[PDB]
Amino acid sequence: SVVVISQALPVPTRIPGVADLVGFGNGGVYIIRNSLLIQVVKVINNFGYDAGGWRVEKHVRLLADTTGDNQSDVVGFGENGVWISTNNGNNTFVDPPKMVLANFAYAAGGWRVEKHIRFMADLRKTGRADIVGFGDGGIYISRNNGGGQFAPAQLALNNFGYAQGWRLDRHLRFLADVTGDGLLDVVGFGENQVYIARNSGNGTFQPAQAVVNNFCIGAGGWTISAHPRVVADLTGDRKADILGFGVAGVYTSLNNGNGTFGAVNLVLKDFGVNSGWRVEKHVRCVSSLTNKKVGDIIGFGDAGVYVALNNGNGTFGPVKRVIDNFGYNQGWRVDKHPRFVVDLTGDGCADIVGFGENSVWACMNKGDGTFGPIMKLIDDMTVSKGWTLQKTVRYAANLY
């Protein structure tokens, strides 16, 4: 499946891939390299709660390739600017980080976790991640001109910003290719319409175009607290479609192929509020689990993990419980135990990793959307080793 950057998952992972694990702990940054030797390595004495005063409430911490060598660097939007530790290539990183731009920060430009969104993305096909922010007046970009040189921020589009009424408690904003040129476009679930804005590839987006009168707070009664929405390729043409977990179950609107969108249809009477699914209890994801390389549905429910496989065209097979674990009944909690659907093995069929109370656990896809046994990875990066959602940030990420 394709590169989509979302609020929930701001660090995309590759399909196929062998993702690593990265934790911003109280003491700094730690990695678990996906390899024959599984261990935790501390790489940076910074970007932590007690290593630089980093706070989930004020600061943003991401991974992105900022040089074009396909190795992920550590990027932090700190108190007064953007800080970067680059990947040295050998399971080490530059420490300390350097400040590349005095903007996109709590005390540089007045950026706020409660009002604004900050991502890193290669928006101009340079091979390097630019800084992209949904701020007050619209979307701002700072161009990554290479050699650690980031240009002053410029307005990319006067839309999708706080000034245009966009709110984190009502609306959703994504970056995803909806046209097929490989450039990430804006997809925004607004007050009463889904909008797209076409990336021109030059640090600007085209005027926003309304494409769907649904999936929004004021179009079908879609709420942030009950009804998660995602953007993903459901058909295999590498153009993103829309999928929402609504009241009756799963609704889609399929891309016509040019970034306009078709009718909204209920495609599966499961994974929705009426089947007992709750944002506070459960995790719902779309990722490629099969050799069809299309979005399949995965839900971490009460009794375990449930999967519905896409036939290749956006229609879905029966729901099956594939793993009797990682579920609310087994003690897993949204507010304690991060769970990700990510390729860990390199076959293109996403696997499961969960940061449990005591250990990190994985479960491998057999290659067909069914799963083997649960595997212990390590006894670290967990609640009992001092990791909480309030004070730490954890990701699956392809470091290399």
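We number the residues from 1 along the sequence you see.
Task: Per the entry, higher mean C-alpha B factor between 167 to 175 and 237 to 245 - done: Here the higher of the two C-alpha B-factor means belongs to 237 to 245.
Open item on the list: Please compare 48 to 56 with 370 to 378 and name the stretch with the higher mean C-alpha B-factor in the deposited structure.
Closed with: It is 370 to 378 that shows the higher mean C-alpha B-factor.
Open item on the list: In terms of recorded Cα temperature factor, pick the maximum from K293, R229, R112, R198.
Closed with: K293 has the highest C-alpha B-factor of those listed.
- [ ] Kindly indicate the residue among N256, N90, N158, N144 with the greatest C-alpha B-factor in the PDB record.
- [x] Among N256, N90, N158, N144, the highest C-alpha B-factor in the entry belongs to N256.
Open item on the list: Looking at the temperature factor on the CA atom of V211, which third of the chain's modelled residues does it land in?
Closed with: It falls in the middle third of the chain.
Open item on the list: Using the temperature factors of the C-alpha atoms in this entry, rank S72 within its chain: lowest, middle or highest third.
Closed with: Highest third of the chain for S72's C-alpha B-factor.
TODO: Ordered by C-alpha B-factor within the chain, which third holds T66? Give me lowest, middle or highest, please.
DONE: Lowest third, going by the recorded CA B-factors of the chain.
TODO: Using the B-factors in the PDB entry, rank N26's C-alpha atom against the chain and give the third, lowest, middle or highest.
DONE: Tercile = highest for this residue's CA B-factor.
- [ ] Looking at the entry's B-factor column for C-alpha atoms only, identify whether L389 ranks in the lowest, middle or highest third of its chain.
- [x] Highest third, going by the recorded CA B-factors of the chain.
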